[PDB]
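Visitor: Got a sequence here, can you model it:
(chains A, B, C and D)
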Amino acid sequence: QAXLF
Amino acid sequence: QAXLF
Amino acid sequence: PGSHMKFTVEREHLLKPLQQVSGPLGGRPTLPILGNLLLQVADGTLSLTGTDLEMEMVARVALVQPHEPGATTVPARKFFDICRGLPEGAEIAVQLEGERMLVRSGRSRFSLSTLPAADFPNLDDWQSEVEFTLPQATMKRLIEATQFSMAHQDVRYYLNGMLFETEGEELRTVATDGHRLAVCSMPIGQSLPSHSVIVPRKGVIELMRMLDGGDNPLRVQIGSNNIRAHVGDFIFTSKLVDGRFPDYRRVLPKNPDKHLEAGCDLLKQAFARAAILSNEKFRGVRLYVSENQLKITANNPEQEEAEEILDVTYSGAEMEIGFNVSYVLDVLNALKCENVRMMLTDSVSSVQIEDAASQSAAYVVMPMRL
Amino acid sequence: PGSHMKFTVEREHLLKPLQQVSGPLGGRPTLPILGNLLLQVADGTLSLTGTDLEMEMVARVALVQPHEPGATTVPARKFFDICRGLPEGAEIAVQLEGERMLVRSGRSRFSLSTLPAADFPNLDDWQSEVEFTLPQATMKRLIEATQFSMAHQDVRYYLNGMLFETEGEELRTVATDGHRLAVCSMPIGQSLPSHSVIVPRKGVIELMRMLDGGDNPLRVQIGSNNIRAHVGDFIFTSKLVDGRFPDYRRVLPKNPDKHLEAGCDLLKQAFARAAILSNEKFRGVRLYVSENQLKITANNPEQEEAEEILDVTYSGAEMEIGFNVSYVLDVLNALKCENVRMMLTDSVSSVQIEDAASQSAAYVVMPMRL
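Guide: Numbers count the residues shown, from 1 in each chain, chains lettered A, B, ... in the order given. Next comes the structure:
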């Protein structure tokens, strides 16, 4: 899972 | 609490 | 007999069977295959079985469409959730492919793990000694009238279950935990041999689950160590519990001399309010009986106090007696009638509670020394 | 001002107030009085307050009958359960007696413990900087559209809550947990100053609880460190969360070049079925987009596999992208519309999801590297 910020 | 038997 | 199991069935023919046979499953994983359902195809029938080693539930589903015989086991929850999640009216095509079970409908494809059908447990072979058939509604009445009085994990393991007894033309259930007892009997329209068996508590709950109350009758077979119930396309089998169950005839109070009668709902609501201020663990409430009056009091370790006074029908000596209010509320909730009768003796003896207008069920509650 | 608090009120005037003000209570006991409600009688009004130190809920109940002013605190659950358990139409007479609070109705009497009103916490005094009034249904829409995207316990504590922002004539909510974001804005029919505050997640949930959707309007006051909401006879106040909330304008994908449109229900049901065979912890599913088609695949550590193919509207380059299926399902469940639009860029960039027919809400989901 990647993050938006 | 009492018991019946 | 077949190595390449395959069937195609309407979704709405599978959903209730899958839900029913999954009843025994859940809880701590032990043997892997116990989380799976056994599927077997042969001669126009798909059979689905779930088990927990103590009981088993089987559903039969008629197969219209070309099918090929065989058997496998697949994860119960996943298979049910897949079928339930497909659209209404969907046709579900199932087939074993190697060690995977494929489920196809539309352009949806699911490949599930399997475990061998040969590994799926069986209940031992057994022979039926008595059989009878009765309306589902009668069996539901018998169980609902008594099931709350079963013990849970008593060291007296014969209490962790429900007695089913045939006598004359009646079927009777008895449940007790040593502190309270419930008994109910209903005529079933046939002359029966005398037989008394203890169904484990989880099997009682599962048998209840299978009764939709509709008009498919319940056929019961009892052996020396097993019970089986057939309803519609379902067959439930359970082991029985060993031990000598108590004789309710000897537990009913002998010649209680104090007879109180009160409205069921008024009594229940008064006990329910008083319970709020009873000890959270021990639940004791005090009843004071006097001429045409009942006073209920509860207190707790914080010294809070509830008091309820009710007009009742009672002529006789005054007395006081303590009870676990949960046990009293459980009885009143099960009676669902207009007027209740309490039959008392003294502060250290049990009391019998029944509907003032019916003798089919009776309840006995042993007091507390407060 | 009064040492001998006393009031008499109809049961049905108390029940909904008691339920509402108990909202903030529950969980780990800390300071004893936090399990109690504050009761205050003065000048025709009974006030009831519950708090958890971060928020407070107050209800006002008009008092018709003779009353005497004063204040005390009593156990919330017990008091509510007593009132709820009394019969419909009951008149409830309450009075402080020493250190006990008496509740009487009919021939029912309850003596409850108290703790001093002087010990009941207050939120610090504060001054309102903006105020506006809007329909409850508008506030409910704003919160329901976004609340699932709040973080729970992120170390970035400003995420454990919801941004409420006024801009022009609109009220906007934004919620994000760093992995997905939701934003919704609605016109409210008045020109507003610009203000941005973070309401703690538990306060969002409590504010939602107080909205019955009926036609009593919601009046909102915002200070530098608090928010207050008035609905009917209730007043909710919460502290705000510190920190710089993310700017949704900079989180929306820039110029996504791939535009897919699909039926909302078909997409949701396909993701829901595929989810069954996704990893129980990580929930990853793969989306493959090609000319007018979406393929969704899921697998798990047992090597089971789900595949769903859907006809969709899409012209553009093929690509594949991974997502946590729960995040996608949460968006689709919140959209409740006919057609959805997904706006994509590439396999490592976020995607924007919205109703194809409305721009009031927008959703951003960051992918997974599968």
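Visitor: roughly how far apart are residue C:32 and residue D:217?
Guide: 59 Å (C-beta to C-beta, to the nearest Å). Any C-beta I mention is one placed from the backbone N, CA and C, and that applies to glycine too.
Visitor: whoops, I mixed them up, residue C:104
Guide: Taken as C-beta to C-beta, the span from residue C:104 to residue D:217 is 54 Å.
Visitor: cool, and residue C:165?
Guide: From residue C:165 to residue D:217 the distance is 65 Å (C-beta to C-beta).
Visitor: Those two - which one has more neighbours?
Guide: Taking other C-beta atoms under 10 Å in any protein chain shown, residue C:165 and residue D:217 do not tie; residue C:165 has more neighbours (20 against 14).
Visitor: in the sheet, who's paired with the more buried one?
Guide: Counting by DSSP bridges, residue C:165 forms beta bridges with residue C:172, residue C:196.
Visitor: if I pick it, what's in contact with it?
Guide: Residues in contact with residue C:165 (C-beta atoms under 8 Å, 6 or more residues apart in numbering or on different chains) are C:171-174, C:194-197.
Visitor: count of neighbours near residue C:357?
Guide: There are 10 residues near residue C:357, going by other C-beta under 10 Å.
Visitor: wouldn't it be in contact with residue C:338 here?
Guide: Yes: proximity of residue C:357 to residue C:338 meets the contact threshold set by C-beta atoms under 8 Å, at 6.9 Å.
Visitor: Strands of the stretch 201-350 of chain C, start to end?
Guide: Using DSSP state E, counting those that start in this stretch, the strands of the stretch 201-350 of chain C run over C:218-222, C:226-231, C:234-239, C:258-263, C:284-290, C:293-299, C:305-311, C:319-324, C:339-344.
Visitor: how about those strands, which one is nearest chain D?
Guide: Ranking the strands of the stretch 201-350 of chain C by their distance to chain D (criterion: C-beta to the nearest C-beta) puts strand C:305-311 first, at 4.0 Å.
Visitor: Counting neighbours, which bits of stretch C:113-130 end up buried?
Guide: Counting neighbours by 16 or more other C-beta atoms under 10 Å in any protein chain shown, one finds that the buried residues in stretch C:113-130 are C:113-115, C:117, C:120, C:123.
Visitor: near chain D too, which of the residues you listed?
Guide: By C-beta under 8 Å from any C-beta of the partner chain, the members of these lying near chain D are residue C:113.
Visitor: out of the buried residues of stretch C:113-130, who's nearest chain B?
Guide: Looking across these and measuring by C-beta to the nearest C-beta, the closest to chain B is residue C:123, at 31.7 Å.
Visitor: and that closest one, that's in a helix?
Guide: No: assigned with DSSP: H, G, I helix; E, B strand; the rest coil, residue C:123 falls outside any helix and is coil.
Visitor: can you tell me which residues contact it?
Guide: With C-beta under 8 Å, 6+ apart, residue C:123 has these contacts: C:51, C:56, C:226, C:237, C:239.
Visitor: which of those has the most neighbours?
Guide: Result: residue C:56 is most packed of those (other C-beta under 10 Å), 24 neighbours.
Visitor: Excluding chain neighbours, what is closest to that one?
Guide: Ranked by C-beta to C-beta, 6 or more residues apart in numbering or on different chains and with sequence neighbours excluded, the top spatial neighbour of residue C:56 is residue C:237, at 5.1 Å.
Visitor: same check, this time on residue C:81
Guide: residue D:276 (5.0 Å).
Visitor: Break chain C down into its structural domains.
Guide: C:6-119, C:130-249, C:252-365 (automatic domain parsing).
Visitor: And stretch C:242-250, what's buried?
Guide: By 16+ other C-beta under 10 Å, the buried positions in stretch C:242-250 come out as C:245-246, C:248.
Visitor: Same check on stretch C:187-203?
Guide: Buried residues in stretch C:187-203 (16+ other C-beta under 10 Å): C:188, C:192, C:197-203.
Visitor: Which of the residues you listed fall within helices?
Guide: Residues from the buried residues of stretch C:187-203 lying in helices, with DSSP state H as the criterion: C:201-203.
Visitor: Turn the residues you listed into CSV, including distance to chain A.
Guide: Output for those, formatted as CSV (distance: C-beta to the nearest C-beta, whole Å):
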residue, distance to chain A
C:201, 44
C:202, 41
C:203, 45
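Visitor: of these, closest to residue D:353?
Guide: residue C:202 (45.2 Å; C-beta to C-beta).
Visitor: Output stretch C:200-211 as CSV, restricted to C-alpha atoms.
Guide: Provided in CSV are the C-alpha atoms of stretch C:200-211 (Å, rounded to 0.1, in the frame of the first residue of the first chain):
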residue,chain,number,x,y,z
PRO,C,200,-26.0,-31.9,24.0
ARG,C,201,-26.7,-28.2,24.4
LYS,C,202,-25.1,-27.3,21.0
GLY,C,203,-27.2,-30.0,19.3
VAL,C,204,-30.4,-28.6,20.9
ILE,C,205,-29.5,-25.2,19.5
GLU,C,206,-28.8,-26.6,16.0
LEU,C,207,-32.0,-28.6,16.0
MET,C,208,-33.9,-25.4,16.8
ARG,C,209,-32.1,-23.6,14.0
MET,C,210,-33.3,-26.2,11.5
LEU,C,211,-37.0,-25.6,12.3
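Visitor: Now residue C:74: phi and psi?
Guide: Main-chain dihedrals, residue C:74, degrees, to the nearest 10: phi -140, psi 160.
Visitor: same deal with the one 10 residues further on?
Guide: Main-chain dihedrals, residue C:84, degrees, to the nearest 10: phi -60, psi -30.
Visitor: OK, contacts around it?
Guide: When contacts are counted by C-beta under 8 Å, 6+ apart, residue C:84 touches residue C:15.
Visitor: Now do the SS call for whichever residue of the stretch 51-200 of chain C sits closest to chain B.
Guide: Nearest residue of the stretch 51-200 of chain C to chain B (C-beta to the nearest C-beta) works out as residue C:178 at 4.7 Å. Look at residue C:178: counting by three-state DSSP, its state is coil.
Visitor: Correct me if wrong, but residue C:83 is in a strand.
Guide: No: the assignment for residue C:83, made by three-state DSSP, is helix rather than a strand.
Visitor: Pretty sure it sits against residue C:17.
Guide: No: with contact defined as C-beta under 8 Å, residue C:83 does not count as touching residue C:17 (9.9 Å).
Visitor: Grab the nearest non-local neighbour of the residue positioned nearest the centre of chain C.
Guide: The residue lying closest to the centre of chain C (C-alpha atoms, centre = their mean) is residue C:205, at 2.8 Å. Take residue C:205 and drop its neighbours on the chain: the residue closest to it by C-beta to C-beta, 6+ apart is residue C:147, 7.5 Å away.
Visitor: Could you verify my assumption that that neighbour touches residue C:204?
Guide: Yes: assessed by C-beta under 8 Å, residue C:147 is found in contact with residue C:204 at 5.8 Å.
Visitor: and the stretch 101-250 of chain C, which of its residues are near chain D?
Guide: So far as C-beta under 8 Å from any C-beta goes, the stretch 101-250 of chain C lies against chain D at C:107-113.
Visitor: Residue D:62: which of these is nearest?
Guide: Top of the list for closeness to residue D:62, among those and by C-beta to C-beta, is residue C:108 at 58.9 Å.
Visitor: The closest one touches residue D:272, doesn't it?
Guide: No: in this structure residue C:108 lies outside contact range of residue D:272 using C-beta under 8 Å: 11.0 Å.
Visitor: quick one: which of those two has more around it?
Guide: residue C:108 (23 against 18).
Visitor: OK, contacts around the more buried one?
Guide: C:86, D:270, D:273, D:306-309.
Visitor: just the helices in chain C please.
Guide: For chain C, the helices defined by DSSP H occupy C:11-21, C:76-85, C:136-144, C:201-210, C:248-251, C:264-275, C:325-335.
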